[PDB]
Structures are given as structure tokens and as C-alpha cells.
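Single chain ahead, by itself, as C-alpha cells, in the form deposited in one PDB entry.
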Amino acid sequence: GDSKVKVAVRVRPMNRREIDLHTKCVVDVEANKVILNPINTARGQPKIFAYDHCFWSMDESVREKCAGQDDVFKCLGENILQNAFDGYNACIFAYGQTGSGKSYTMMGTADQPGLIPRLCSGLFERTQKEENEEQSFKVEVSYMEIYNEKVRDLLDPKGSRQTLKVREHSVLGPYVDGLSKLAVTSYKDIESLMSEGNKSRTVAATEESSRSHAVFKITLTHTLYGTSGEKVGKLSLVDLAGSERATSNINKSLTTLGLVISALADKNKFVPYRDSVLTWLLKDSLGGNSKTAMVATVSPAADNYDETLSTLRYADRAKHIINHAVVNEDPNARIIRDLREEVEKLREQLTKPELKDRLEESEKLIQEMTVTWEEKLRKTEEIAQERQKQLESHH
């Protein structure tokens, strides 16, 4: 192919509990190597893994955390940002057990912002820095959640817990029908949409559920100007569910993800993309048209050994997957062209069942992606002010 899926392993520092209760540290880092030591030093031998990148921290001090997040972004964030500005599809997904540091890496906290806020900030910084009257940038965003093979729109002002149907089109592929793609023009729009989205996650029986997947997506459309050309880069930041074992199809997407990774590691006929919602929607990110990075977060202490190992192993396979990313030039024109063509052919065959409203679907897709930019702005605005009025009757 062209490029291999790049793999980084992030080892979170020993927390207060692990130090107080004298839980033994079994994971240590040697440059780009991850060494997993046995728990009771018969096959108690140190296991050594090698990856593209390895992050670690000496303690939980604010200095080391700031340095940590900075390191992670400098190593992975700016690269995929550059990919976005080069018209490439790019993706970063966090894999690991609950409490290893997936969300802390992807989203981070208020004092320790993760990959996503830095990515958005840097994105709008660069766009605002480069935009001429010959160069223009259009930025869209979406945030979805996948729980129990059901998709929810996290950017919907009304967290109605209503599932959105996942449908397939012949020329478009897998898509979430009804998902919000909101036009944004600054970091704060994204910030409010994200703060609202992050408090709309699926609750557990007790504390957000660790069984849900979170997919954040940025679309960057660059136009160069007596005619104009266009490139589109799509970033996909994914915070997966906890990889640990069970303590129906609640773990379908995770297991299927494992199977997909394993299959690719060894025309997608026997790669089970379709066996789950997650692998189906993120099919192009794994062995497809995308620059893909995996961040495997692991816990350092012995009490998580078998999990850590597992994670490591999966990571070790992920670096064998080969993607083939290309620059997406004027994809919208091609898509609407193929869509209208298909509409006409469906119109012709219709004059001779499953084609009755397939054309309806195609026309719907056409009309929805021919929506003017201004109306998208107005949409995002009314959504925003409805969020501003939903806290009015609640105050």
C-alpha cells in the first residue's frame, strides 16, 4: 500500500490508590519500547513490545501532565492536522481498558485539554491565518455516540435518547441518517457544542457508561481560486469503549473491532466490517482511504496485567495494517454527479419495490448536500440560541 497505521502506547502514571496500597508497577518504557514485567518475580519472563511512539510520565504533577498532553499533541495532533490541510482523511482512535486514559487523551480535562480541543484551536488558527480572497475554508463538525449498536446525536439540543438509523447507499456508502453536521466559524462554537455534547453521554447503572463509543468528526473544505478548485480533509477522533472483559450485543462493536484489526493484520470480503455499527461506519479508517493512528492507553500496575498485555497485543497487530490515503479533490461535485446519475437511471428502470423510495433516498441526499453555506450557518445559529434558551426555562 502507501502508509501503515501508526501506533502509540500511552502509559498513565501510578495514581494515589496504586501508591497507597503498594500495587506494584509492572509496565515501564524504554524509548519506543514497552516492557511488561511479571507480577510475581513457570513462565514469569519480561515481555517486550515495540511501537511507533511511547508516552509516559514520572508522576501526576501538573507539570508532567501539561508536558504529557503537549507531547501527545506534538507527536500525533499536528501531523493529522497537517493531513487535514493536505486534503487527506485522517483518524485517531483511543483503545484500552476503563481508567487507562482514553478520554483524558482524546478530550482531556479543563486544566489538561486533550487532542480534540487543541486540534480545533490549531485548525481555526491556521485557517484564520491562511484565508485569502483566493483561499477559503469551510469547517463542519459532528459528534455521535454508539451504545448497544445504536447511534445517538450528541449535538442535538434535545438529548432525546432517540436512535438514528444507519443506512447504506451504493455510491455514498454507510451513513447515519439524521446526523447533525454543523457549520462552525470559530473555536468557541465547537467548544460549546462539545461541552454540551460531553454532558449528553449515556449514563450507567451507577458516572458515564464505559460501554459507549464516541466519534468526533471535523470536515475541512479548502477552496483555491478564473475558476476554483477544492480539497476536503476529514478528521475522525474516536474515544472507544473499555476494552476489558464483561464483569446481548453491548460489546458487539468492540469485539468486531478486534476481529477487523486481526483480519487486516493478517476486497474486504472476509473482513467483518459489516458485523457491527462501529466497524461499518469506520470502515474507511481501517485499511481504507485514511491516515490512521491508534493510541493504546494502559495502566501501569500489576492489578491490570492481563488487560494491559491484551491491549499491547492488539496494538502490536494494529501496526501491521496498511492504509492507502489519497488527496480528496472536489469530492462533493463527484458525489452529486454520481447521485444525480443514479437518480436518472433509477427513474428509467422505474418505468418497467426496493427502487420505489431508493430514488427518494437519493434525491433526499442530493437536496441535503446542496444546502447553501449561509443556511447551514443559520441552522447552527438557531441550534446555539435554542441551547441558550433551554437553560432559560431551566433557570
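C-alpha atoms forming the largest set that superposes within 1.5 Å between two forms make up the rigid core. Residue numbers here begin at 1 and follow the sequence given.
Missing coordinates between residue 132 and residue 133 amount to none of the deposited residues, so the segment is unbroken. A chain break between residue 41 and residue 42 is present, corresponding to 4 to 9 residues of the deposited sequence without coordinates. Annotation for 119 to 127 versus 170 to 178: the higher mean temperature factor (C-alpha) is found in 170 to 178. Stretches compared: 195 to 203, 70 to 78. Higher mean C-alpha B-factor in the entry: 195 to 203. If you compare the C-alpha temperature factors of 165, 291, 213, 317 in the entry, 165 comes out highest.
Residue-level inspection of the entry shows that, of 109, 247, 136, 310, 247 has the top Cα B-factor.
When the modelled residues of the chain are ordered by their C-alpha B factor, residue 96 lands in the lowest third. When all modelled residues of the chain are sorted by CA temperature factor, residue 378 is found within the highest third.
When the modelled residues of the chain are ordered by their C-alpha B factor, residue 63 lands in the lowest third.
For residue 224, the recorded CA B-factor ranks within the highest third of the chain. Only modelled residues enter the ranking. Annotation for residue 53: C-alpha temperature factor in the lowest third relative to the rest of the modelled chain, per the entry.
What comes next is about the form deposited in another entry, which does not appear here.
Core superposition between the shown form and the other one leaves every listed residue (322, 309, 259, 172) with a C-alpha shift below 2 angstroms except 172. Once both forms are overlaid on the rigid core, the distance between the two CA positions of residue 31 between the shown form and the other one is under 2 angstroms. In a rigid-core overlay of the protein, residue 332 has its C-alpha displaced by at least 2 Å between the shown form and the other one. Here's the thing about residue 168 and residue 88: their CA atoms end up at least 3 Å closer in that other deposited form than they are in this form. Here's the thing about residue 333 and residue 329: their CA atoms end up at least 3 Å closer in that other deposited form than they are in this form.
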